[PDB]
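Asker: A single structure is presented below for examination.
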Amino acid sequence: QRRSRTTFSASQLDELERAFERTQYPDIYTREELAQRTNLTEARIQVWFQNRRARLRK
Amino acid sequence: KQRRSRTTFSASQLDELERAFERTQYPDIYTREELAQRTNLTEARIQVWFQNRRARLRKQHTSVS
DNA sequence: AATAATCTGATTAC
DNA sequence: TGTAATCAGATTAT
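For the record, the sequence lines run as chains D and P.
Using UniProt numbering, the first residue of the first sequence is number 213, and each one after it goes up by one.
Using UniProt numbering, the first residue of the second sequence is number 212, and each one after it goes up by one.
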């Protein structure tokens with residue numbers, strides 16, 4: 213059993229897309245700042261970027 | 212580029228983690244979350260620990276074979 | 001130099 | 001769906 217899929221809101225997604233434009237590989241401080249800003253865990257942020265790098269590469 | 216500092220597990224947390232690994236190498240979300248409570252580690256660190264644990268297991272086996 | 005953290009590439013599951 | 005979650009495998013780097 214997997215954790216239940218997070219459903220990112222559009223305001224959350226906008227914050228993450230803007231950060232992605234600054235860097236596709238944010239460091240720990242940047243990922244934690246974002247998590248705090250979006251009420252998400254650094255882990256979900258890390259996974260969003262991982263998947264967002266995938267799609268872009270694909 | 213800064214990464215998260217290495218987390219250091221206590222002998223107590225390490226014992227709890229390995230005994231869980233012995234019961235199960237692919238702990239579901241509930242298990243990992245339970246483990247997190249017991250040990251006081253975040254579940255994110257637990258998932259990473261199991262990942263690295265399964266990899267130590269695989270490397271040892273290939274090595275000795 | 002052992003292993004926590006990060007990445008990609010495939011894949012699952014919803 | 002498209003995409004969030006997971007995994008193995010490889011690697012970085014404390």
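Positions of the beta carbon are idealized from the N, C-alpha and C atoms, including for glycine.
Would you kindly check if the distance between the Cβ of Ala231/D and the Cβ of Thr218/D is under 8 Å?
Answerer: To locate residue 218/D, count along the first sequence from 1; it is residue 6. To locate residue 231/D, count along the first sequence from 1; it is residue 19. Cβ distance not < 8 Å, so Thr218/D and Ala231/D don't count as in contact.
Asker: Between the Cα of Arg215/D and those of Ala266/D, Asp239/D, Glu245/D, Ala255/D, spot the shortest distance and give me the residue it belongs to.
Answerer: Taking the first sequence and counting its residues from 1, one reaches residue 215/D at position 3. Among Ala266/D, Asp239/D, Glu245/D, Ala255/D, the Cα nearest to that of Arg215/D is on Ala255/D.
Asker: Inspect the beta-carbon positions of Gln236/P and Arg269/P and report whether they are closer than 8 Å.
Answerer: In the second sequence, counting from the first residue as 1, residue 236/P sits at position 25. In the second sequence, counting from the first residue as 1, residue 269/P sits at position 58. With respect to the 8 Å criterion, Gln236/P and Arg269/P are not classified as neighbours on the basis of their beta carbons.
Asker: Is it buried or exposed, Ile240/P, if we count other Cβ atoms within 10 angstroms and call 16 or more buried?
Answerer: On the second sequence, residue 240/P is found 29 positions in, with the first residue counted as 1. By the 10 Å Cβ count, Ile240/P comes out exposed.
Asker: Buried or exposed, going by whether 16 or more other CB atoms sit within 10 Å of the CB of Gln224/D?
Answerer: Stepping through the first sequence from its first residue, residue 224/D is reached at position 12. With 16 or more neighbouring CB atoms inside 10 Å of its own CB, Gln224/D falls in the buried class.
Asker: With 16 as the cutoff for other CB atoms within 10 Å, does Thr250/P come out buried or exposed?
Answerer: Along the second sequence, read from residue 1 onward, the residue named residue 250/P stands at position 39. Label assigned to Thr250/P: buried.
Asker: Mind checking if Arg264/D is an interface residue toward chain P, Cβ cutoff 8 Å exclusive?
Answerer: Position 52 of the first sequence, counted from the first residue, corresponds to residue 264/D. So, not an interface residue.
Asker: Does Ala255/P come within less than 8 Å of chain D when only Cβ atoms are used?
Answerer: Residue 255/P sits at position 44 when you count from the first residue of the second sequence. It does; some Cβ of chain D falls within 8 Å.
Asker: Going by DSSP, what residue range makes up the alpha helix (DSSP H) through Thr250/P?
Answerer: The residue labelled residue 250/P in the question sits at position 39 within the second sequence. Taken as a continuous stretch (DSSP letters only), the alpha helix (DSSP H) holding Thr250/P covers 240-250.
Asker: For a cutoff of 8 Å on Cβ pairs, would you count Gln213/D as touching chain P?
Answerer: Taking the first residue of the first sequence as position 1, residue 213/D is located at position 1. For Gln213/D, the answer is yes, since a Cβ of chain P falls inside 8 Å of its Cβ.
Asker: Using a cut-off of 7 Å between C-beta atoms, extract the partners of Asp226/D located in chain P.
Answerer: By 1-based counting over the first sequence, the position of residue 226/D is 14. Those do not exist, as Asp226/D stays about 24 Å from chain P at its closest Cβ, beyond 7 Å.
Asker: Would you mind working out which of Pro238/D, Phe261/D, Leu252/D sits nearest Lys212/P, comparing C-alpha positions?
Answerer: Working through the second sequence from its first residue, we reach residue 212/P at position 1. Comparing Cα-Cα distances from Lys212/P to each of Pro238/D, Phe261/D, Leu252/D, the minimum goes to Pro238/D.
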